[PDB]
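Below, each chain spelled out in residue letters.
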Amino acid sequence: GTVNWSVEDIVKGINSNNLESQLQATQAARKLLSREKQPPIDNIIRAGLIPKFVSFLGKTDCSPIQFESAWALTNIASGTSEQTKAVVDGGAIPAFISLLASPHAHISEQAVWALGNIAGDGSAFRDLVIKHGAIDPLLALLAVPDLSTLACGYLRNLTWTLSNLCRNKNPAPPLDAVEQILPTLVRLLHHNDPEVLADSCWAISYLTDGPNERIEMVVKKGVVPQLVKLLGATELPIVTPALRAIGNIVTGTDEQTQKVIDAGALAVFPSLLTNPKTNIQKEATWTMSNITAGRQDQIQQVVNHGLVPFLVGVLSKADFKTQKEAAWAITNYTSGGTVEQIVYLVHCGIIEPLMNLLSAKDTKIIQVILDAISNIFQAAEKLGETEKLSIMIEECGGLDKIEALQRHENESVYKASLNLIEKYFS
Amino acid sequence: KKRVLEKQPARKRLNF
C-alpha cells in the first residue's frame, strides 16, 4: 500500500516518530521517484524531504530504510544540476561514502550509484566526492582476485561510477586520483563483459584527453595493445571509445603515436575508414590525419598498410566532416612527407577528388587544400615535373576552380590561388 | 601539427 501516494501523506509519514511509518513513507517516495513518467523531483525537494532521507541513510539498525532513502536520493541526484546540488547540500556525500562499506550488497550498490550520479554533474562535485574519500572504498570493493566472482550489475555500476570519476575537464581529475584509479581501470579494461569494457574504455579515453603527460601516464600502463584489440571489436559500443582513446593517444608525442602503430592499429583502419557509421569514419580519418602529422617513418608505415587509397576514397565520397579531416590528413602528409611519398599520393589518384572538394562554401577546407596543392607542386619542382602535374590539374577541371578562387571574400584563399596560378600556369 | 577533434555513457542515471 505504498503506490500512488501524495507528497502530503509522505511528509506526514516521515514527520512521525514511528520508524516503520517513516520506512513506508520513504518507500512510497522511492516508488514515486522510480516511475518513468517524469518523476516529481521538484515536488519532493520543495517538501524538505532530502534532509530526512540523508538522516535515514545512517540508521544502521534499519537497513530497509537505508536502502529506500539511498534509492530516493539517487533518483533525485539523477536530474538537473540544481537537484544534485540539493542532494549534496543535504550532506549526502559522506553518508553514501560510509554506506559504501555496508554489509548489504544492494545498499552499497545504491551508494555507488548515488556517488556516480553526484560526480557526473561536473568537475566541482567530482573533486568534492574525491576529497571526501570515495576512491579508497570504491577500489576496495573491486579488490578481488577475479572480477568474474562479482555480480554483473554491481560490477557495471562500479565501472560506471569510476568512469564518471575519470570524466570532465577544466579542471581535469586530480593527478593522485588518476594514479590511484588506473590499475583497477586497466584490470577492468581486460574484462569480458561488453558494458564494463565500454565504460572502462570511455574512462581511458577521458584520461587520454589532455596534455601529453596524462597520455604518457595512461600509456605507461600498457593499455595500447588492449585498446587496439578492442578497436577491432564487432560491437560499436566498444569500438567507439577504443577509437576515441587511440585518437587521443596519437594527438601526443611521436613516441606515443609509434606505440600505437607498433600495436597494429593501422591494420584495423582499412575497415574503420569504410565503416558504415559516420562517426567512426570521421574519427578514424581524424586519427589518420594526426598520424600523417608525425615522422616520415610513420608516414611510410601508413603507406605500407595501403591506407592512402582509403584516404582517396574518403575524399571521393564521405560526409563533409570526414572529407575535411581527410583533407587535413593529406595536407599533413604533404607537409611532412618525402618527395617519393608525395608522388605516391598523386599516383593513388588524390588530385581529382582534392580538386572537386575546392567547390565548397567552407573556407578552411579550401585553405588546407591549397596548402596541400602548393606542397605537391613543390615536390614536383624538386623533380622538374611541374608541367605534367599542371596538365593533370587542368584536365580534371581543377584549374577553373583555382582561378575562380582568385575572387573570394577571404583574403588568404585568393592570395594563394593567385600565387599558384601565376607560378604554375603560364 | 597534431590537431584536436572538433555512445558516451550516461552522466546521470535514474534507477527504474
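Colleague: What should I look at first to understand the overall build of chain A in this one?
Modeller: Helix and strand content of chain A: 28 helices and zero strands. Here the C-alpha radius of gyration of chain A, 28 Å, is well above what a compact globule of 426 residues would show, namely 22 Å. Each principal axis of the C-alpha atoms in chain A carries an extent, and together these give about 95 × 50 × 30 Å. Residues classed as buried in chain A amount to 54% of the 426 residues present. Restricting to contacts in chain A with at least 6 residues of sequence separation, those with at least 24 account for 68%. Entry remark: accessible area of chain A is about 17900 Å², with carbon and sulfur atoms responsible for 50%. Once the 35 positive and 44 negative side-chain charges of chain A are each reduced to a mean point, those two points are 5 Å apart.

Colleague: Sorry if this is basic, but what is going on with the side chain of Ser123(A) here?
Modeller: All names here are of chain A. Tracing the sequence through the fold places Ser-123 in helix α9 (residues 123-132). A polar contact of 3.3 Å, which involves the side chain of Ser-123, links it to the backbone oxygen of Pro-171. Dropping the residues within four chain positions of it, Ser-123 is found in contact with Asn-168, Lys-169, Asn-170 and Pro-171.

Colleague: Would you mind going over the interface of chain A and chain B with me for this structure?
Modeller: Reports of interface size often rely on the accessible area that becomes lost once the parts have come together. Counting residues at the interface gives 47 residues for chain A, matched by 16 residues for chain B. Roughly 2600 Å² is buried in total at the junction of chain A and chain B, and carbon and sulfur atoms are behind 49% of that figure. For the pair chain A and chain B, the number of links is four salt bridges. A salt bridge links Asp254(A) to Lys2(B), with the shortest nitrogen-to-oxygen separation between them at 3.9 Å. A class-by-class count of the residues in the side of chain A that touches chain B yields 14 nonpolar, 24 polar and nine charged.

Colleague: What is the right way to read the nonpolar core from this model?
Modeller: Proteins that are soluble and globular tend to have nonpolar side chains buried together. Residue and element names in this part refer to chain A. With 148 residues, the main nonpolar core has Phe-53, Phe-269 and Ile-373 as its most contacted residues. Top element by residues in this core is helix α25 (residues 363-381). It accounts for 11 residues. Excluding its chain neighbours within four sequence positions, the residues that come into contact with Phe-53 are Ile-14, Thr-26, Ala-29, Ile-44, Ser-69, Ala-72, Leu-73 and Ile-76.

Colleague: What am I meant to see in the packing of helix α21 (residues 308-316) of chain A against helix α23 (residues 339-348) of chain A here?
Modeller: Each pair of packed helices can be summarised by the angle the axes make with each other and by the distance between the axes. All names here are of chain A. α23 packs onto α21 with a crossing angle of 55° between their chain directions and a minimal axis gap of 10 Å. The angle between the axes of α21 and α23 places the two elements in the oblique class. Along this stretch, α21 crosses α23, giving a crossing that reads as right-handed. Along its contact with α21, which presents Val-308, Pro-309 and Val-312, the element α23 presents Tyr-344, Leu-345 and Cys-348. Among the residues forming the contact of α21 with α23, the class breakdown is six nonpolar, no polar and no charged.

Colleague: Help me understand the packing of aromatic side chains in this model?
Modeller: Each pair of aromatic rings is reported with the distance of its centres and the angle of its planes. Considering all chains together, one arrives at four aromatic pairs over all chains under this definition. Within the aromatic cluster, the residues linked to one another by ring pairs are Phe377(A), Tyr424(A) and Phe425(A). Here the guanidinium or amino end of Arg30(A) rests over the ring plane of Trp71(A), the centre of that ring lying 4.1 Å away. Between the NZ or CZ atom of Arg13(B) and the centre of the ring of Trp113(A), over which it lies, the distance is 4.3 Å.

Colleague: Help me out: how do you make sense of the packing of helix α16 (residues 236-250) of chain A against helix α17 (residues 254-262) of chain A in this one?
Modeller: All names here are of chain A. Here α16 crosses α17 at 140°, and the two axes come no closer than 8 Å. Contacts between α16 and α17 involve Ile-246, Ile-249 and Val-250 from the former and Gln-256, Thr-257 and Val-260 from the latter. Class assignment of the residues belonging to the contact of α16 with α17 gives a composition of four nonpolar, two polar and no charged.

Conventions we followed
Residues numbered from 1 in each chain as written, not as in the entry; some residues may be left out. Chains lettered and ligands numbered in written order. Heavy atoms only, no water. Helix = DSSP H or I, 4+ residues; strand = E, 2+ residues; numbered from the N terminus. Rg over C-alpha atoms; globule rule 2.2 N^0.38 Å. Buried < 20%, exposed > 50% of the residue type's maximum accessible area, 1.4 Å probe, protein only. Contact = heavy atoms within 4.5 Å. Areas by Shrake-Rupley, 256 points an atom, 1.4 Å probe, with all protein chains shown as cover. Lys, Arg positive; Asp, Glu negative; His and termini not counted. Charge placed at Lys NZ, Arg CZ, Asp CG, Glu CD. Polar contact = N/O pair within 3.5 Å; in protein donor to acceptor, adjacent residues only side chain to side chain. Buried area = accessible area lost by both parts, 1.4 Å probe. Salt bridge = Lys/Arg side-chain N within 4 Å of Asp/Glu carboxyl O. Nonpolar A, V, L, I, M, F, W, Y, C, P; charged D, E, K, R; others polar. Core = buried A, V, L, I, M, F, W, Y, C linked by side-chain atoms within 4.5 Å. Axes fitted to C-alpha atoms, helices over the stretch in contact; angles between N-to-C directions. Parallel < 35°, antiparallel > 145°, perpendicular 65-115°, else oblique. Left-handed = near helix turned anticlockwise from the far one by under 90°. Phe/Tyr/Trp six-rings, centres within 6.5 Å; stacked < 30°, edge-to-face > 60°. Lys NZ or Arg CZ within 6 Å of the ring centre and 35° of its normal.

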